[PDB]
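Below are the chains, spelled out letter by letter.
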Amino acid sequence: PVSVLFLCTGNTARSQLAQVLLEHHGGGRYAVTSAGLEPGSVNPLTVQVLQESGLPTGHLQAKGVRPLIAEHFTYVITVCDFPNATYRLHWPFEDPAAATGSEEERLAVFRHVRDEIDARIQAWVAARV
Amino acid sequence: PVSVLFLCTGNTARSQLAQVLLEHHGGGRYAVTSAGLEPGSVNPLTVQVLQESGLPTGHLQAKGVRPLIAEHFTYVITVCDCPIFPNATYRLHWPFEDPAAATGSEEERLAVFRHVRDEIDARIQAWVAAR
């Protein structure tokens, strides 16, 4: 399969959303990984908005990129504003975890970013047949 | 000032809680540091529960312990279930449940973070008063 690595800063939100959404829309065609430069912890709101869409999240872990330093990926897609890859793509998305307000207000931002990443991934899988 | 290093695995939660709480309850009598063996990033839920208590968090950073090993610490206090500190006078162990291991909604996770905050807060107040 085609290997994709999604990279954000903490591996808590954007790169996790992208990982799960490519797993959904791409199916077995893609071996998908996500990582951050400084791993944190998966944000509960990330899980909430993915689960709202019926997407499973029990396999999600915030992980650092260092143990992957020697790996090669067909695509390394940076989702926040890696040495060895065929293609390096940049898809900047707003950090939903930087939004402030009540849980409901923040969830709205998480949903907006989820839907935007979902749209980009759908178009990207389709433009590859 | 009495020097204290709080040490957990990631420097994201338990050791940051303890640092801020000793800063608060100890005043300027303690030089407080925290570090982790494999540093991550400060957990936003750690920040939230400290801020709910009126405790400032803008100075918090996740950091590795390696630059600190040869430092003189009166106390090196591990709060997770560890380097050799030749210039540490005392080594204490205060195990606490890892709040970052909690799953569930934000409210459910914040409940564990608050429980652990409250326990560390109690231990630090008691320890400051000791002797």
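Residues numbered from 1 in each chain as written, not as in the entry; some residues may be left out. Chains lettered and ligands numbered in written order. Heavy atoms only, no water.

Regarding how it was determined, this PDB entry cites X-ray crystallography in its header, along with a resolution of 1.65 Å.

Caption draft 1: Structural context of the layout of surface pockets. Its volume calculated, the second largest pocket comes out at about 160 Å³. Along the lines of polarity and charge, the residues of the lining of the second largest pocket split into six nonpolar, no polar and one charged. (1 Å grid on protein atoms, 1.4 Å probe; cavity = no way out; pocket = protein on both sides within 12 Å on 5 of 7 lines; lining within 4 Å. Points joined across faces, edges and corners; volume = space filled by probe spheres on them. Nonpolar A, V, L, I, M, F, W, Y, C, P; charged D, E, K, R; others polar.)

Caption draft 2: Layout of the sheet that holds strand 3 (residues 73–78) of chain B. Residue and element names in this part refer to chain B. Judged by pairing direction, the sheet is parallel, and its four strands sit side by side in the order 2-1-3-4 without closing on themselves. The sheet is open, and its two edges are formed by strand 2 (30–36) and strand 4 (88–93), each paired on a single side. Taken pair by pair, the neighbouring strands of this sheet meet at an average axis angle of 20°, ignoring direction. Sheet topology places strand 3 next to strand 4; five bridges connect them, and they run parallel. When the bridges of strand 4 are listed, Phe 73 appears paired with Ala 88. Of the strands in this sheet, strand 1 (2–8) and strand 2 touch helix 1 (residues 14–26), which is tilted by about 175° from strand 2. (Pairing = 2+ DSSP bridges. Helix = DSSP H or I, 4+ residues; strand = E, 2+ residues; numbered from the N terminus. Axes fitted to C-alpha atoms, helices over the stretch in contact; angles between N-to-C directions. Contact = heavy atoms within 4.5 Å.)

Caption draft 3: Broad picture of the sheet that holds strand 2 (residues 30–36) of chain A. All names here are of chain A. On the basis of which strands lie adjacent, the open sheet formed by four strands has the order 2-1-3-4 and parallel pairing. Two strands in the sheet have a free side with no partner beyond their single neighbour: strand 2 and strand 4 (85–90). Strand-to-strand, the axes of this sheet are offset by a mean angle of 20°, without reference to chain direction. Taken together, the four bridges between strand 1 (residues 2–8) and strand 3 (residues 73–78) define a ladder with parallel strand orientation.

Caption draft 4: Seen up close, helix 2 (residues 44–52) of chain A. By the burial criterion, the buried members of helix 2 of chain A are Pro44(A), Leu45(A), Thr46(A), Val47(A), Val49(A) and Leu50(A). Those residues of helix 2 of chain A that are buried are in contact with helix 1 (14–26) and helix 3 (103–126) of chain A together with helix 3 (106–129) of chain B. The residue sitting at the N-terminus of helix 2 of chain A and contributing the capping side-chain oxygen is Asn43(A); that oxygen lies 2.9 Å from the backbone nitrogen of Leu45(A). A positive phi of about 75° marks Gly54(A), the residue just after helix 2 of chain A. (Buried < 20%, exposed > 50% of the residue type's maximum accessible area, 1.4 Å probe, protein only. Polar contact = N/O pair within 3.5 Å; in protein donor to acceptor, adjacent residues only side chain to side chain.)

Caption draft 5: View of empty space enclosed by the protein. Taken as a whole, the largest cavity spans an internal volume of roughly 30 Å³. What lines the largest cavity is simply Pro44(A), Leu45(A), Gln48(A), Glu103(A), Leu107(A), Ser105(B) and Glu106(B). Taken together, the elements giving at least two residues each to the lining of the largest cavity come down to helix 2 and helix 3 of chain A. Looking at the lining of the largest cavity, the element that brings in the most residues is helix 2 of chain A, giving three residues. Its residues placed into classes, the lining of the largest cavity shows three nonpolar, two polar and two charged.

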